[PDB]
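Single chain ahead, written as structure tokens, the form deposited in one PDB entry.
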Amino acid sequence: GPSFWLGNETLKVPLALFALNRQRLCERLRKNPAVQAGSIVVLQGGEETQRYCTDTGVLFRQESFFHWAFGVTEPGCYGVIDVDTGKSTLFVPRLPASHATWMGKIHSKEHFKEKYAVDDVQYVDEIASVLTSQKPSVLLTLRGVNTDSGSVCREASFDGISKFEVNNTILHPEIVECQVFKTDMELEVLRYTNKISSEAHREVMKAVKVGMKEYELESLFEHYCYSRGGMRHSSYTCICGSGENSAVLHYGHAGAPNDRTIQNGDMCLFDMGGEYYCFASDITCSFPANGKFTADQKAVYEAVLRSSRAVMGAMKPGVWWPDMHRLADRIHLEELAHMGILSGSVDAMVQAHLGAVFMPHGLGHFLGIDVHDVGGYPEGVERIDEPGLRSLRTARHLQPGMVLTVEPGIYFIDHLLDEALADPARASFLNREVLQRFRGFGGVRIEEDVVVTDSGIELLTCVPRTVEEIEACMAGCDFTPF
């Protein structure tokens, strides 16, 4: 069948990927006791937008649930699926013929049917008539809460939907649960997004020079990803933190826009991932700006490398993800003590939640069409009310087919360190005479993307990771993964 492709060496993605997702969704719904015969899933695609009240178009990127189900790149569509038969119908906007003045040939319905390999294509304004003719029992629409953003996903609506029976509770948890488990076709795309983004990270490590602005590397990364990878979007705004900015976790946004000059002796923490056909990648490389780790930089870096590799080596089906977070915490504390920053009993440090002072974020998160992918906290899965752990984006147990980031880090964040030093339950573990040397260090994060498999994991990311590999890459060189 047909494939999405941006030519050159970019990945051909079969539209069969999306057909398989529709089939899987129907198979799940058919087993659901709340679902009756004759139901139709109704999804609404994203619409074209402009900046504020201007006529400046914003580049359209499809809504993620719609993309998962249909793979459609055009704005203004709807899509329905007959649950009992699996039959799919795509609804596309009716453009008047005069639009050919500005748009060139206006594609036929048949063009879109062939392009997307759906069973039928209709115009959007006909959706009430078309659904009416099917005499559905119920329309299943999408409404639920994203557990990272807190936002409510808005259900499809069209003129005349009030004439139907509509259910907006059944679908969301079910399509989310399908999305949590990636098909082999989806894994091919995620292998690709990791390949390109890994190459781009290596080009950035080769190119970085003392005296450059952080954004010069943002630009270079995105240029590699688009020109060589066909990745028109990034999966999230690039975080290019140098020096003390490497301790700011979501650095790079409009308020702190990658605008610092990189200085000799700085650490860099570059968290960047290109997006291909609305599939994510999410990779963090940490390295010395000048290509040579100092002793202190090597020690912090290798502490995070140790936790990264320990977690990757322990991950397998049945593992409780919060236990991996606690494992990383224990390793960071052990290694910070081995560096002389901390002293005393590590068991006691853990009891005092000291790990969260140095890693205030979750160990990692589901990844897929969204960088923070859906499904981390389905009904019944609770957030753990402790520092660090409460920021985990899932408390699930691992199962084959899940895609996770593994992103431990250690950071020197002044207000968290000062809180600890003010707290008698924590202050005694800290050695100010050594810690003072790490004030303003920034931080290190080592972030890999992995697939849970029957036997463990599959590592998707392919970047230099040991001190020796990184120094070689920065000197321009050719490295072995976990």
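Residue numbers here begin at 1 and follow the sequence given. Whichever C-alpha set is largest while still superposing within 1.5 Å between the two forms counts as the rigid core.
The gap between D478 and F479 holds 1 to 3 unmodelled residues of the deposited sequence.
Mean CA B-factor, 161-169 versus 140-148: the higher value falls on 161-169. Higher average CA B factor: 340-348, of the stretches 340-348 and 210-218. Out of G291, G241, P257, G362, it is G291 whose C-alpha atom has the highest B-factor in the PDB entry. Taking only the listed residues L430, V451, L59, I446, the entry reports the highest CA temperature factor at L430. In the deposited entry, the Cα temperature factor of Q436 sits in the top third of values across the chain's modelled residues. In the deposited entry, the Cα temperature factor of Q36 sits in the top third of values across the chain's modelled residues. Per-chain ranking of the deposited C-alpha B factor places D282 in the lowest third. When the modelled residues of the chain are ordered by their C-alpha B factor, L389 lands in the highest third. Among the modelled residues of its chain, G442 has a C-alpha B-factor that falls in the highest third, as given in the PDB entry.
If you look for the form deposited in another entry, you will not find it shown, but the lines that follow are about it.
Just a single entry of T85, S133, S162, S98 exceeds or equals a 2 Å CA shift between the shown form and the other one, which is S98 (rigid core superposed).
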